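Residue numbers (the deposited numbering), protein chains in the order written: chain S, 122 to 184, 202 to 238; chain T, 19 to 376; chain l, 7 to 31; chain b, 412 to 437; chain W, 64 to 448.
We put the beta carbon where it would ideally sit given N, CA and C, even for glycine.
Okay, structure first, notes after.
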Amino acid sequence: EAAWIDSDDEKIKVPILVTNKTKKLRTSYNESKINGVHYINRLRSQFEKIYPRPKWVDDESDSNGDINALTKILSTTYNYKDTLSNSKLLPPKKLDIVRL
Amino acid sequence: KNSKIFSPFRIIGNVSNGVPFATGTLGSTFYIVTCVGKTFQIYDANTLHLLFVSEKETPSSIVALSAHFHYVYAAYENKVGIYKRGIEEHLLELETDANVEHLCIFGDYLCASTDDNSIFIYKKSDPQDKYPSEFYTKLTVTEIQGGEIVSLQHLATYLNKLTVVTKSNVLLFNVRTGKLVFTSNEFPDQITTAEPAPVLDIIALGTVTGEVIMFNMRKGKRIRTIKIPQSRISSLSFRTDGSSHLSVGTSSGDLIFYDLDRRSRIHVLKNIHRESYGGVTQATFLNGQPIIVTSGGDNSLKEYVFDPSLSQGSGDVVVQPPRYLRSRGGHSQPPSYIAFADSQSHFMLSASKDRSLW
Amino acid sequence: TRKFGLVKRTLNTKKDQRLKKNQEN
Amino acid sequence: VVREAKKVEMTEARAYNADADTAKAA
Amino acid sequence: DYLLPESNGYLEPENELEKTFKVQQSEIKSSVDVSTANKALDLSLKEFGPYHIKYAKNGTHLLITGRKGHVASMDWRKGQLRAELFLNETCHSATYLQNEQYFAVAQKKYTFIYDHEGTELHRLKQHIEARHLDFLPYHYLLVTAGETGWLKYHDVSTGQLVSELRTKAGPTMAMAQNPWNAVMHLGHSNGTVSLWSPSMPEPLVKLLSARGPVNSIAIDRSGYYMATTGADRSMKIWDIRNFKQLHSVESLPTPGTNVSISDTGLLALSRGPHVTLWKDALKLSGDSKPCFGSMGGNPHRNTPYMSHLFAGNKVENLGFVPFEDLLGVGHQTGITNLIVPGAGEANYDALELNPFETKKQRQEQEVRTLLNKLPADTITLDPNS
RNA sequence: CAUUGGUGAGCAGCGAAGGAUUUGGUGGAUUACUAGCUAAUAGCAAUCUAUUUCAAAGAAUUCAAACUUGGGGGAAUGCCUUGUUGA
């Protein structure tokens, strides 16, 4: 469903064949002046012709324990080593040591 | 203040400053328009050769840059330049004393926002004409409608609908009429960066938290979200080449690459631009090409590419990480000492507090 | 990295077996 | 693995014309 | 008739609203079968000059000649490449004479006859200019028209000059040999294409083809209709069988650099940044007159069948693969094979030419053709006289 | 003995969370930067096609036209040239 209804969009009318690029939008050779809803439907289909819809927009939506629980906490991390710890233990094999 | 013996020629040695640059196409190929204080520069993207510079230093620093096919729109203090080939063809001085924050181009219109939370509308004198010169109106954003204006974009297939995003929420206008056709509810975070999408209806928003929201308007709904731990987002871009990929540019200098189908980050670039000078200031995929042009506040402008995928059988899963391509840099700090290097006035050495020669 | 004396290699009268005077051996 | 950069040419594509969006008066 | 196993590809509009010419080559490359969609090559070799193109009469080997130094004979369908010669003299054209083993290049001064490997076989003392270098395998006759007034016929079977015919016309601006008739067609600045046989020192018949100079000429498989273009932005459709120009396409936006004819009846017109092919344009009616734009979509007025515009080029020449539905267009940086649906013939006869040929089959067929060569007096205005 | 030869051990000596070498790929410059395509005063760049076609303008050496040949011979058979013969 549309969540906003532009009442003032339909009472527009576009003469279409003045433009050199929108000549793909005419659905016959007859029509040349078209109301708002028909033109915007054609224009939406034209933008479909430009970029096809990827799979995430149409279908992937966010709106006992879940099995996505590892994946999400990976996804909200880039550094998985706990460098924010200040663990007060020493990590092995790698000395943060600076010559002074 | 005027000199008699010498005169200013250009400020040699600058690529960008951090002001969000604009991308444009001539036919199949791409140009880049960046800002340097009061003077903007134009580049081919395929070689980063300098194409044009401003005909004049502007009297105040350029705040915004948009670019349609042959016409680059600069925006300094109260006035907005319509430039062909770096030459001032039409100055559009706005009827406030408020400072021009953002700007956008669609249809027979131009739309530019000021810091009085009010956007100005500039029609073309005809659709036969090419640059917008007729002043249409001024519409505003009062504090029941939205916050401080962060961006104006036009998402495609939206007949005279203007998408004005704030730190709070998103508004839509019929700029023929001047009527608010829709207001979005507040997002609870402080929205910092907008970007349109090669899918329909979606505006991507990167907030002051590490969160990117894909947002519909025909739904009016925030369809997906994307998290980032502890980074302030600066730029968003979409790779329209042939696999759905999203570019998240921090102000920490880091560039994060997502594939929304695999719901996974691909590679995060670290430190392609200096954090103290604004981080990554603006990164944008060239439309329908696997090339992202990044721009930092360190007087640097880099290019990166995705290599085509090594997996013959898969493709989309196995992704080569982005890879360094050509770049024009400058001194990040101001230059401490210069000299004239050669005898024929070809080369100049310039050393800065950036700790480098150029 | 091209070798020096890049010469026009052409028909060898003493090595080409397509010649019927060198069709014997 | 042969990790080598390949020569990458810009190929042409198409984008939406935002200058086609306005209808005039009634 | 029913033994004919393979049928042509087609291109159909499916609507009046949907248009035939508007298809592009990346759009074509979706639906064409994988080997045939991959048979379109993009050889951008931008370093040397603009590229001259010739496929052999079987499509098995491609020969190309950039204007600066390139001479390249690839076994085109496979990855194999026979010849890659860099002569610092400038070249104009090239053709395989009998097989891919032996070819000939048209240089600054002298024609060269060449091995598959790139070795030098025969430099011609004669042929002191060489603009059009064309072959007829049915006489084993390399016929060459340089910038000279003359025209030279070398019988590379024997390896000797047959004859040399001074036209009194000047520099040769076009030459197309007739496949069906082996009469040569030379085109010069007066607007005049002369038909030629090596015996007759005056031409067989002169044709005042157009005004201005002859840009190019190209002949049917049937030898019925030869499409001639002048530099006057005009193209005539000559019916050679009664010596009439069927249609006179006047006022091109730019004069076509070349013309080419497919087997099934396609016509290729290359103004140089644009390549445009018509289907069934060579037929008798002026409804079949090839025209750029039919107003109102009238079936009588004829639209172009397939279109292409080269962006950064002004292409040199073009030639169909004779058994496949592509055409090699030689542009400044190289080679494209533009995919046609129905240009080439689908059912070749193997006993005439072999697109799928063993090397042992090749040396059988070469000796077969050399036995069946005609001596040069048999070049006539009719094959059957 | 000079080894002023290197191997080989070593050591003094240099010496900041390695040093030394070898190479693949790509990008940047290697002339002084005004944008791409087209039919170009303009349109394009999601497109030129169901205005691209009519219109005008547009045809001399009365056939000047190898400025191009390794050098000698000859040049039968061809051609060229005039002499000469018939239609």
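key: Straight-line Cα distance separating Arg-194 of chain T from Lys-97 of chain T   = Within the second sequence, residue 97 of chain T is the residue found at index 79, counting from 1. Within the second sequence, residue 194 of chain T is the residue found at index 176, counting from 1. The straight-line gap from Cα to Cα measures roughly 22 Å.
Where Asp-302 of chain W falls: helix, strand or coil (DSSP) = The sequence position of residue 302 of chain W within the fifth sequence is 239, counting from 1. Of the three classes helix, strand and coil, the one that applies to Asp-302 of chain W here is strand, per DSSP.
task = Give the DSSP-derived three-state secondary structure of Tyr-342 of chain T in the structure shown.
result = One-based indexing of the second sequence puts residue 342 of chain T at position 324. In this structure, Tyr-342 of chain T counts as strand in the three-state DSSP scheme.
query = When you compare only the Cα positions, how much space is there between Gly-275 of chain W and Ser-252 of chain W?
reply = Here residue 275 of chain W is taken as the residue at index 212 of the fifth sequence, counted from 1. Here residue 252 of chain W is taken as the residue at index 189 of the fifth sequence, counted from 1. Answer to the nearest angstrom: the Cα atoms are 6 Å apart.
task = Check the Cβ of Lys-134 of chain S against every Cβ in chain b and list those closer than 8 Å, keeping chain order.
result = Reading the first sequence from its first residue, position 13 is the one you call residue 134 of chain S. Going along chain b in sequence order, the residues near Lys-134 of chain S (Cβ under 8 Å) are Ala-434 and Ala-437.
task = Would you check if there are 3 or more beta carbon pairs closer than 8 Å linking the segment 327 to 341 of chain T to the segment 68 to 77 of chain T?
result = no
query = Can you tell me where the beta strand (DSSP E) with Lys-141 of chain T in it begins and where it stops?
reply = Sequence index remark: in the second sequence, residue 141 of chain T carries index 123 (1-based). Taken as a continuous stretch (DSSP letters only), the beta strand (DSSP E) holding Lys-141 of chain T covers 136 to 142.
Rounded straight-line distance, which links the Cα of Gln-395 of chain W to that of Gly-222 of chain W = For the purposes of this step, residue 222 of chain W is taken as the residue at position 159 of the fifth sequence. For the purposes of this step, residue 395 of chain W is taken as the residue at position 332 of the fifth sequence. When rounded, the distance between both Cα atoms is 34 Å.
ask   = My guess is that residue 457 of chain W and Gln-161 of chain W are in contact by the Cβ rule of under 8 Å, so how many angstroms apart are they, rounded?
value = Outside the displayed range of chain W (64 to 448) lies residue 457 of chain W, so it cannot be described from this structure.
ask   = Are the segment 384 to 400 of chain W and the segment 360 to 369 of chain W touching, with three or more C-beta to C-beta distances below 8 Å?
value = no
task = Express the C-alpha separation of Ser-220 of chain W and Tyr-203 of chain W in angstroms, rounding to a whole number.
result = Working through the fifth sequence from its first residue, we reach residue 203 of chain W at position 140. Working through the fifth sequence from its first residue, we reach residue 220 of chain W at position 157. Each residue's alpha carbon lies about 6 Å from the other.
Cβ-Cβ separation, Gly-181 of chain W to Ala-146 of chain W (assumed contact under 8 Å), whole Å = Locating residue 146 of chain W in the fifth sequence gives position 83, where the first residue counts as 1. Locating residue 181 of chain W in the fifth sequence gives position 118, where the first residue counts as 1. Confirmed, about 4 Å.
inquiry  = Here's a check: name, in chain order, each residue in its chain whose Cβ is nearer than 7 Å to the Cβ of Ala-409 of chain W, leaving out the five neighbours to either side.
reply    = Residue mapping note: residue 409 of chain W aligns to position 346 of the fifth sequence, counting from 1. Taken in chain order, the residues that qualify are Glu-69, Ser-70 and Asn-71.
message = Quick check on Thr-140 of chain S - is its C-beta less than 8 Å from some C-beta in chain b?
response = Taking the first residue of the first sequence as position 1, residue 140 of chain S is located at position 19. Yes - at least one Cβ of chain b is within 8 Å of the one on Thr-140 of chain S.
query = When the Cα atoms are used, what is the spatial distance from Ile-220 of chain T to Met-235 of chain T?
reply = Looking up residue 220 of chain T in the second sequence gives position 202. Looking up residue 235 of chain T in the second sequence gives position 217. Roughly 7 Å separates the two Cα atoms.
ask   = Does the distance from the CB of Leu-121 of chain T to the CB of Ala-85 of chain T come in under 8 Å?
value = Taking the second sequence and counting its residues from 1, the one referred to as residue 121 of chain T is at position 103. Taking the second sequence and counting its residues from 1, the one referred to as residue 85 of chain T is at position 67. The answer is no: Cβ separation not under 8 Å.
task = List the residues of chain b that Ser-46 of chain T touches, going by C-beta distances under 7 Å, in chain order.
result = The residue given as residue 46 of chain T occupies position 28 in the second sequence. Near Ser-46 of chain T (Cβ distances below 7 Å), the residues of chain b are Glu-423.
inquiry  = Which of the three DSSP states is assigned to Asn-31 of chain l in this structure?
reply    = On the third sequence, position 25 is the one that residue 31 of chain l refers to. Note: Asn-31 of chain l maps to coil in three-state DSSP.
task = Might you give, ordered along the chain, the residues of its own chain that have their beta carbon closer than 6 Å to the beta carbon of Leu-164 of chain S, omitting 5 neighbours on each side?
result = Start at 1 with the first residue of the first sequence, and residue 164 of chain S comes out as number 43. If we look at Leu-164 of chain S and ignore the five residues flanking it on each side, it has no Cβ neighbours.
ask   = Where does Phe-168 of chain S sit, in a helix, a strand or coil, going by DSSP?
value = In the first sequence, residue 168 of chain S corresponds to position 47, counting from 1. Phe-168 of chain S falls in the helix class under three-state DSSP.
key: Interfacial residues, the segment 148 to 170 of chain S to chain W, with Cβ spacing under 9 Å   = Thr-148, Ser-149 and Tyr-150
ask   = So, are the CB atoms of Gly-238 of chain T and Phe-200 of chain T less than 8 Å apart?
value = Against the second sequence, residue 238 of chain T aligns to sequence position 220. Against the second sequence, residue 200 of chain T aligns to sequence position 182. Yes, the pair counts as a contact, with Cβ atoms nearer than the cut-off.
query = According to the neighbour-count rule (16 or more other Cβ atoms, all chains shown, within 10 Å of its Cβ), is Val-81 of chain T buried or exposed?
reply = The residue given as residue 81 of chain T occupies position 63 in the second sequence. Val-81 of chain T is buried by the Cβ-count criterion.
Under 8 Å by beta carbon: chain S residues contacting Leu-190 of chain T = Along the second sequence, read from residue 1 onward, the residue named residue 190 of chain T stands at position 172. Near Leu-190 of chain T (Cβ distances below 8 Å), the residues of chain S are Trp-125.
message = Strictly below 7 Å CB to CB, what residues from chain b border residue 401 of chain T?
response = Outside the displayed range of chain T (19 to 376) lies residue 401 of chain T, so it cannot be described from this structure.
ask   = Would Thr-214 of chain S count as contacting chain T if we go by Cβ distances under 8 Å?
value = Position 76 of the first sequence, counted from the first residue, corresponds to residue 214 of chain S. At least one chain T Cβ lies under 8 Å of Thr-214 of chain S.
query = Relative to the alpha-carbon of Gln-351 of chain T, which residue among T:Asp-259, T:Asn-35 and T:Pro-214 has its alpha-carbon at the smallest distance?
reply = The count along the second sequence starts at 1 and reaches residue 351 of chain T at position 333. The option with the nearest alpha carbon to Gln-351 of chain T is T:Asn-35.
message = With DSSP as the reference, identify every bridge partner of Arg-334 of chain W, one or two as the case may be.
response = On the fifth sequence, residue 334 of chain W is found 271 positions in, with the first residue counted as 1. Note: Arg-334 of chain W sits in no beta bridge, so no partner.
query = If contact means a Cβ-Cβ distance below 9 Å, which residues of the segment 116 to 142 of chain T contact chain b?
reply = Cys-122, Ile-123, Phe-124, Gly-125, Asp-126, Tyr-127, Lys-141 and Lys-142
request  = Please state whether DSSP places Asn-278 of chain W in a helix, a strand or coil.
outcome  = Sequence index remark: in the fifth sequence, residue 278 of chain W carries index 215 (1-based). In this structure, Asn-278 of chain W counts as strand in the three-state DSSP scheme.
Below-8 Å beta-carbon distance, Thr-243 of chain T vs any chain S residue = In the second sequence, counting from the first residue as 1, residue 243 of chain T sits at position 225. At least one chain S Cβ lies under 8 Å of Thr-243 of chain T.
request  = Count the C-beta pairs between the segment 418 to 429 of chain b and the segment 375 to 387 of chain W that are closer than 8 Å, then say yes if the count reaches three, no if not.
outcome  = no
request  = Starting from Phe-200 of chain T, find everything on chain S with Cβ-Cβ shorter than 8 Å and list it in chain order.
outcome  = In the second sequence, counting from the first residue as 1, residue 200 of chain T sits at position 182. Correct list: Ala-124 and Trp-125.
Per-residue contacts from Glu-183 of chain W into chain l (C-beta, under 9 Å) = Here residue 183 of chain W corresponds to residue number 120 of the fifth sequence, with the count starting at 1. Neighbours of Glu-183 of chain W on chain l, chain order: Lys-14, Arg-15, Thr-16 and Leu-17.
ask   = Which chain S residues sit within Cβ distance under 9 Å of residue 465 of chain W?
value = Because residue 465 of chain W is not part of the residues shown, which for chain W are 64 to 448, the question remains open.
inquiry  = My assumption, with CB atoms under 8 Å, is that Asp-129 of chain S sits in contact with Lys-141 of chain T. Please give the rounded CB distance.
reply    = Numbered from 1 along the first sequence, position 8 holds the residue referred to as residue 129 of chain S. Numbered from 1 along the second sequence, position 123 holds the residue referred to as residue 141 of chain T. Not quite, the Cβ-Cβ distance comes to about 17 Å (not below 8 Å), so this is no contact.
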